[PDB]
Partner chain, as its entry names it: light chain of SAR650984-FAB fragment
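Given next, in structure tokens, is a single chain: the form deposited without its partner chain.
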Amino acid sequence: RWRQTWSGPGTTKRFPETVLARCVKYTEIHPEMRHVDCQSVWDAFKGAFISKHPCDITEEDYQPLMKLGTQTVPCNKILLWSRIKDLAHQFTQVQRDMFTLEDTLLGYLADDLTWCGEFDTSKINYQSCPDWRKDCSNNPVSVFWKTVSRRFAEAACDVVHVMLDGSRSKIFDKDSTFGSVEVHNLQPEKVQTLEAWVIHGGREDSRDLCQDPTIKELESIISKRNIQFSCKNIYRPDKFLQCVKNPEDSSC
């Protein structure tokens, strides 16, 4: 067909099989989730969007899935990120120093995937799904991430870390999942400090991006929630990752 209904990419190929396999694999590796029934997880995931209009998804839709994917996360080792998820994941992979959303069962199930159904048919739409700007923000994928991110942020305590992409326009972007949901759902009773690591992209020698206006905005927002803010530059992420693997080392 030469023109699609929505402006976004459509459901990821073999979505149901992909999601089921991820659930099997996650529940094999992580013993606290050893017991989860993956068919049921898939059935609750499907329940959230199938047969529903994909511009009319609500956080309620995902509550069955949220219950099934209930999980403890070490609250003081949370790493949040904005537009730099590969480095976040490479870092937590070394020795599990922190945990991102994609280290939880639900974040691992959905990472990199797209999905949406059709009102009053039970088909998955593999041709297009709503684009958040053009069509609607209340679509299956957006609503999932807003729902699961808010719960993850509510679970954090003590010092929470966030990696931000210092190669971008808006280092802190108030429209991102981190800026629109997670910053506002950290609980000040529990969270002492949000520490941002601003990841440089920029050829070696660079500015102190902790002075960027958007980082000052983030400091202001966080400080006014009664949480302390700290920021550090990571000037050379490749050197950082190496120091994480081999800290005894080479000019770390």
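Positions refer to the first chain, counted from 1.
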{"query": "Higher-scoring stretch by recorded Cα B factor average, 186-194 or 32-40", "finding": "32-40"}
{"query": "Stretch exceeding the other in mean C-alpha B-factor - 214-222, 201-209", "finding": "201-209"}
{"query": "Ranked C-alpha temperature factor of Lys239 among modelled chain residues, by third", "finding": "middle"}
{"query": "Ranked against its chain, the third holding the CA B-factor of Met98", "finding": "middle"}
{"query": "Ranked against its chain, the third holding the CA B-factor of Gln228", "finding": "lowest"}
{"query": "Entry-reported Cα temperature factor of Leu109, expressed as the chain third it lands in", "finding": "middle"}
{"query": "Ranked against its chain, the third holding the CA B-factor of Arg22", "finding": "lowest"}
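Not on display, but discussed next: the form deposited with its partner chain bound.
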query: Non-hydrogen atom contact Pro31 with its partner chain in the deposited bound form at 4.5 angstroms; finding: yes
query: 4.5 Å heavy atom contact, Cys75 to its partner chain in the deposited bound form; finding: yes
query: Exercise: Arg203 in contact with its partner chain in the deposited bound form, heavy atom 4.5 Å; finding: no
query: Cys157, heavy atom within 4.5 angstroms of its partner chain in the deposited bound form; finding: yes
query: Residues from 180-218 in contact with its partner chain (non-hydrogen atom within 4.5 Å) in the deposited bound form; finding: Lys190
